[PDB]
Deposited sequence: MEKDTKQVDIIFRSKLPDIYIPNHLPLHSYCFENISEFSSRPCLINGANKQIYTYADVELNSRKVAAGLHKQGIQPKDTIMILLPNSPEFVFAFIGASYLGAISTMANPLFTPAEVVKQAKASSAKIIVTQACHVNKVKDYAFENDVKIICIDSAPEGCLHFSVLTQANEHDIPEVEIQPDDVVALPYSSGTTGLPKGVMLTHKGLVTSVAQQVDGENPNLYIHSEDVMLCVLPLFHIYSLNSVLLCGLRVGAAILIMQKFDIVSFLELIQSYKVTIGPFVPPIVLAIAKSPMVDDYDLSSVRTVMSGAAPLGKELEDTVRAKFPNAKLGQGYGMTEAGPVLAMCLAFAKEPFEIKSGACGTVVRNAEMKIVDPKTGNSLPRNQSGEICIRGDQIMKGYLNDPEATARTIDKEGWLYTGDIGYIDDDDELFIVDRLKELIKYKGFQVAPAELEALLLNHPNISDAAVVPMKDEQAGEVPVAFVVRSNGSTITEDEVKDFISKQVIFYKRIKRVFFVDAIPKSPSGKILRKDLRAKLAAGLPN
C-alpha cells in the first residue's frame, strides 16, 4: 500500500492488443480522403489513403529487400514523408525502426547502426559518405530518398513495390517496433506505443484534444521519440493533418502557420526565441494556433509571454516525458476536450491508465503530496527495456513494473506534477 497517484481523468479502454499501424489507422475510413502528411517545402499533400497505401507498399518493398520480422532498419532522415513510410512500413512487417539524427558524425551513425543490427539504412544522398563503406563491409543495404549513388538503391524500389506482397505475419503486443537511443537502445513495443497514444488522444474526454480538422506543425525532429509519438502517431490516430517542415527557419515557419492555419504547435525554447527576436512575427496571422505544447525543457516566463503575445488563441501548457517511459508520463490537462485548470510551472498530470509515485531516494518509500522524491511511473506504455543490456534495464524498471525516471519532483494538492531537478 504505497502512496500512489493517478490521473484526474477516468481510465479508458485501450486496444493495445492491436499492432501500431492497425491502431493508428483503425478509424481511417472516417478520414480516408483528408490531408494526412503535408510537405511544407513542395506543398505536396498525401491523404490518409495515400499514406496507408504508401506505407504498405514500402512494407512489401522492405520484404523484397530481405527484412523479416524482428529485423531492424535505421532511418537517417530529416522530417519528410519518407520517414513516415519507412517507419510504418517496418511496422507492417513486424520489424523495428531505429532512428538517428542525420547530422550525426560518421562515428556516431555507425555506432548506432551496429548496436542496433540494422539491415538497411534509409538516408539522403548527401549523408551516404558517413556509412557507405561501413554498410559495404557488413552487408547492410543503403537506400536514398532523393537519388542513389553507385552502390545504393533509390527509395522508389520500396514505394513502388506491390502492397499485396506483404507476408502474412503474427505480430505480438510485446514485439519491438521502435528503437530510439538515449547511449542505450530503448525498445518501444506495439503495446507500449498504442497505450501511450491512447492515453494521450483517445476517450470521451481526451487528455490532449485533437481532431481531424486540426493542422499539426511537425518541425520538431521525428527521430526523437517526442515527435514520433506525440505528433506523428497521435496525429494519425485522430485524422489530423501533419504539416511537415524539414528544417526550421523563422520565415517559412510563420509562412506555413499562416498559409496552412496550423492549429497545433509543438514548439521548443529555441523556436520561441527565434519568434521573440524576429521583427516580421507581427506581420503574420497566427490566430489559427489554438494549442502550444513544449517538447523539451520548460519555456520559462519570458518565452511563455512571447507565446501569449504572438499566438492570441493558443492555450499554453507543459507536459513531462522521458524516452524510456513511452515517452509521456504527464500531460497538461488544460488541453483536454473538457479542460481542467492548471498552474504556472507545472508539468501536467500523470497519464490515465497508469500509476505514479514519488520515492524518497534514501529510504525507497513512497512520499505524500508536496514532498520531493524520484518520480516513478507504471503502466503498459513504458519501454520493454534497453536493447541487449538487461542489467541497465533491471536498474531502471523494478520487479513490480515501476520505472524510475531519475528526476526529482512532487505532486501537489491538485494532482499537478512539479519537477525541481532534472540533472541526474
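field: Ranges missing from the model, given as deposited sequence positions
entry: Several regions go unmodelled: 1 to 7, 190 to 195, 438 to 542.
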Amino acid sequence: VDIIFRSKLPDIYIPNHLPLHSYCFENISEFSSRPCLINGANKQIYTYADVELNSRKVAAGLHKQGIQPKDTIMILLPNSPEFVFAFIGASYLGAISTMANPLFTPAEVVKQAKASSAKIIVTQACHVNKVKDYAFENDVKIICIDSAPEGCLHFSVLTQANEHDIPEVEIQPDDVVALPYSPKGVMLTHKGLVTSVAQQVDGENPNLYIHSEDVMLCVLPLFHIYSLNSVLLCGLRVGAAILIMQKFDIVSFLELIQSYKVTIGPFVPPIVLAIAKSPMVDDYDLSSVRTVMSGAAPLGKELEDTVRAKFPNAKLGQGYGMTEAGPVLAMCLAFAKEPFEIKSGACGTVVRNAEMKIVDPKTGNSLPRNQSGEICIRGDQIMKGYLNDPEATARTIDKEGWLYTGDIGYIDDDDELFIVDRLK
From here on, numbers count along this sequence of modelled residues.
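field: Comparing 90 to 98 with 141 to 149, the one whose average Cα B-factor in the PDB entry is higher
entry: That would be 141 to 149.
query: Comparing 352 to 360 with 38 to 46, which has the greater mean CA B-factor as deposited?
result: For C-alpha atoms only, the mean B-factor is higher in 38 to 46.
task: Between 315, 164, 211, 224, let me know which has the highest C-alpha B-factor in the entry?
output: Answer for 315, 164, 211, 224: 164, with the highest C-alpha B-factor.
query: Hey, out of 319, 192, 235, 183, whose CA B-factor is highest in the deposited coordinates?
result: By C-alpha B-factor in the record, 183 ranks first.
query: By its CA B factor, does residue 159 count among the lowest, middle or highest third of the modelled residues in the chain?
result: Within its chain, residue 159 is a middle-third residue by C-alpha B-factor, going by the deposited values.
message: Splitting the chain's C-alpha B-factors into thirds, which one does residue 69 fall into?
response: Its C-alpha B-factor, which the entry lists for residue 69, ranks in the middle third among residues of this chain.
For residue 207, the third of its chain into which the C-alpha B factor falls: Its C-alpha B-factor, which the entry lists for residue 207, ranks in the lowest third among residues of this chain.
task: Relative to the other modelled residues of the same chain, rank the CA B-factor of residue 388 and answer lowest, middle or highest third.
output: Its C-alpha B-factor belongs to the highest third of this chain's values.
query: If you rank the chain by CA B-factor, which third does residue 324 end up in: lowest, middle or highest?
result: Lowest third.
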